[PDB]
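Heads up, what comes next is one protein chain in two forms, each shown on its own as structure tokens, labelled structure 1 and structure 2.
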Structure 1
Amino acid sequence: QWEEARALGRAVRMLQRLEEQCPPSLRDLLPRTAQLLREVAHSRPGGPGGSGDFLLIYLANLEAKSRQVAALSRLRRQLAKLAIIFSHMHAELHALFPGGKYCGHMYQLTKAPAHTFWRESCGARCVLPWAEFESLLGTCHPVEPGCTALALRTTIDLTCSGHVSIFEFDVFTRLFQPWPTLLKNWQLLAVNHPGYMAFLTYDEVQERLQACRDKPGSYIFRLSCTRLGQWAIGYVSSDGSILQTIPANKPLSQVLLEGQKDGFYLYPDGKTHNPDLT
């Protein structure tokens, strides 16, 4: 209430400080996040998992990750990773508090069945702890206990807070549509497919595909910080030049099958074996 206002205040001063101490770049993200937080502070509880609980979890997590950055190739390997995480935290804040104003209670998921699943399972809540989320999901899509779950957390919990927000669920269900085979799609595209690069930049995809330039049909697919919930495919055309496609709001496996049948997507990461997706 006033606890929230105070924690909002601490957060912004903490970000300004972290900025002094310094794509996706922390120099661009830090002040953007600080500005959004002042707008949030200015515009300002809900039930459990409402705007208040969300802010509390968000601010603790922002704090924890800020300490990790402050206490800092393999140094650059870990700064890059923290930088992606801050990008993710800025996007989540932006989606649930556009212009500082909480919209979590009426936020609309892009895929209709994902929408229905979330609102029927969580009601007005915009955020849920991993354990509850995993359990609720499991009533609809069997999640195997053990290591599968760890890989699934990494895919879904973008902000690495141990909580899944409605935004992260939206991102995940867009990427791995259609709903009826949700986890199966995730398993085929993100666990078992050598074409999958997770988060890359355009430049990194270019760099990666250089060694495949004399092999047209070589391709890869990646996620993008500033375009959460969509794919990009990098591929070698017959000319040997690296092009990028952004697939429509439609299943990735369909785009890849159609591109396999056209001769564009044949060699994931240069490799000869192209997984059967039929």
Structure 2
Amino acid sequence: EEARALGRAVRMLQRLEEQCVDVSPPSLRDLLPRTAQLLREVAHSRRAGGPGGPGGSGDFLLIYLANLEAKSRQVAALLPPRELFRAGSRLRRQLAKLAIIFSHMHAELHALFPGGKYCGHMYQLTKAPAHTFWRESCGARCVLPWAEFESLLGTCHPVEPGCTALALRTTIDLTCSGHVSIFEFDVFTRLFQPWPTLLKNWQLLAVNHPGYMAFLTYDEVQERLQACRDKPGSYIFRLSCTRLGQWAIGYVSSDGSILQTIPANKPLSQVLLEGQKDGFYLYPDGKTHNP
């Protein structure tokens, strides 16, 4: 049932781990066995729950496992039986993007079933109003399909249907599963604080801001900023993979070095203004027009 699902997903990540035996986060060779190990722990703890019904622990696992399988098939399809170094290598980018997604699915699973043991009914968000929004709208649930989440979020922060809502969905759905967990919502509301202007912060900082990069790794940021070494004060920003919920700002320093920093942890709008004023964050993605 659930146990059969969990056995299948374990063996599937072991296959991928063996197919990856040919580093620096996010690393598939690290994430796959850690995710497998956590799933072994989930399997044993459920053979013993939180409140059942829609969006409880069982629902989360069903959705999570069906997504993990889809993503594992994508990875499997890029790997030979037992070139990454060509410029513009499609294989390198697809693997990098998939490693990002496994990094997020590993973090989400660890947040909600640490040691195998479900805590989605007790989970507390980092920002208080976001916490209160979730629990007053979704109760003890830990996950929602996008459409229901969109509808619920709209009681407070409505998003224009169509292109904008899909852009929002892409930003929030870190695991690319079509569902929003309490964890994902935690991550989003930390990144785009403060709460009273949530979606306007998002519009300004992500949709309309040339410095915003989605689904880039640390090494992809170092590589992109190569183009800007002669432009001190060029910068971009993206979600940290190792510190989920925090921004990683990549910038070109005074000496043409490419540095990356985590500004723990005020609204990004304030970090940006303060860098602008001081002369560190002047040219988003190397371009003239700082928003």
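The term rigid core refers to the most C-alpha atoms you can superpose between the two forms while keeping them within 1.5 Å. Residue 1 is the first residue of structure 1, and the numbers go on in sequence order from there.
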Shifts of 2 Å or more at the CA atom, core superposed, between structures 1 and 2: which of the listed residues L36, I57, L209, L30 is the one? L209
Does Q230 count as moved between structures 1 and 2, where moved means a C-alpha shift of 2 angstroms or more after fitting the rigid core? no
Does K261 shift between structures 1 and 2 by 2 angstroms or more at the C-alpha, the core having been superposed? yes
Yes/no, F199 Cα shift of 2 Å or more between structures 1 and 2 with rigid core fixed: yes
In Å, how large is the C-alpha displacement of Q244 between structures 1 and 2 after the rigid core is aligned? 4.2
Relative to the superposed core, report the C-alpha shift of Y102 between structures 1 and 2 in angstrom. 0.3
Can you give the CA shift of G138 between structures 1 and 2, in Å, with the two forms fit on their core? 1.0
